[PDB]
Amino acid sequence: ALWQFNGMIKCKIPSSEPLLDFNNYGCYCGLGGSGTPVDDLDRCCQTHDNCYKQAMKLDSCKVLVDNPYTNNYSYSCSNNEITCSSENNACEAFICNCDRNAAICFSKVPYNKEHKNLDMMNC
Ligand SMILES: [Ca+2]
Ligand SMILES: [Ca+2]
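Residues numbered from 1 in each chain as written, not as in the entry; some residues may be left out. Chains lettered and ligands numbered in written order. Heavy atoms only, no water.

Per the PDB entry, the protein chain goes by the name PHOSPHOLIPASE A2 and belongs to Bos taurus. If you open the UniProt record of the protein chain and go to Subunit, you find "Monomer or homodimer." Entered under Subcellular location in the UniProt record, the comment concerning the protein chain runs "Secreted". (UniProt positions renumbered as here; feature names shortened; annotations may be inferred.)

This part is about the UniProt feature "active site" in the protein chain. The UniProt feature table records "active site" at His48 and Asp99. Spatially, the listed residues are clustered: although they cover 52 residues, their C-alpha atoms lie within 7.6 Å of one another. By secondary structure assignment, the location of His48 is in helix 3 (residues 40-55). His48 sits in the buried class, given a relative accessible area of 11%. Sequence-distant contacts of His48, defined by excluding residues within four places in its chain, comprise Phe5, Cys98, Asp99 and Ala102. Summarising the element assignment, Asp99 is placed in helix 4 (residues 90-107). (Helix = DSSP H or I, 4+ residues; strand = E, 2+ residues; numbered from the N terminus. Buried < 20%, exposed > 50% of the residue type's maximum accessible area, 1.4 Å probe, protein only. Contact = heavy atoms within 4.5 Å.)

Surrounding the calcium ion (ligand 2) are the protein donor atoms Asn71 (OD1), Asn72 (O) and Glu92 (OE), at 2.3 to 2.5 Å. Binding-site remark: the calcium ion (ligand 2) is held by donors from one chain whose sequence spacing is N-N-x19-E. In this pair, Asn72 sits in the loop between helix 3 and strand 1 (75-78) while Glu92 sits in helix 4, placing the two residues 20 residues apart along the sequence. For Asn72, a relative accessible area of 37% puts it in the partly exposed group. When its relative accessible area of 17% is taken as the criterion, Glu92 is described as buried. (Donors = N, O, S within 2.8 Å, 3.2 Å for Na, K, Ca; no water.)

The next thing to look at is the environment of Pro110. Among the secondary structure elements, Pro110 is positioned in the segment after helix 4. Residues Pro110 and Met8, 102 residues apart in the sequence, show an inter-C-alpha distance of 18 Å. Setting aside residues no more than four positions away along its own chain, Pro110 makes contact with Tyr25 and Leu41.

The pairing of strand 1 with strand 2 (residues 81-84) spans four bridges and is antiparallel. When the bridges of strand 2 are listed, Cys77 appears paired with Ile82. Remark: two residues form the turn of the hairpin made by strand 1 and strand 2, two consecutive strands paired antiparallel; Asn79 in that turn has positive phi of roughly 55°. (Pairing = 2+ DSSP bridges.)

Next up, the structure:
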């Protein structure tokens, strides 16, 4: 679920405010997205967007009770490291990994403030 994804980002980037810093950035970070990514962070979000699209088409996930935004899974944060629990079912496990990869990607790229709130004519 989104609140668990927020927890993962914090696990990796303690000094961030997830829902604020990674929203309305580039052509892909935030609800929706399309066009040419403007930088590396924008590319992480393009990848995460595609992962969620795949999860919504997974057979093990029930239509739209098991969606990525509200499906809770089991995970743990150990020394700024993220672990998806083996007690999770198939659908829960795929979503946990989408979030895990994004949290890591975010922690490995630069944040360019000049790319906040760009108009669509630039994508
Ligand atoms: Ca997006
Ligand atoms: Ca669940």
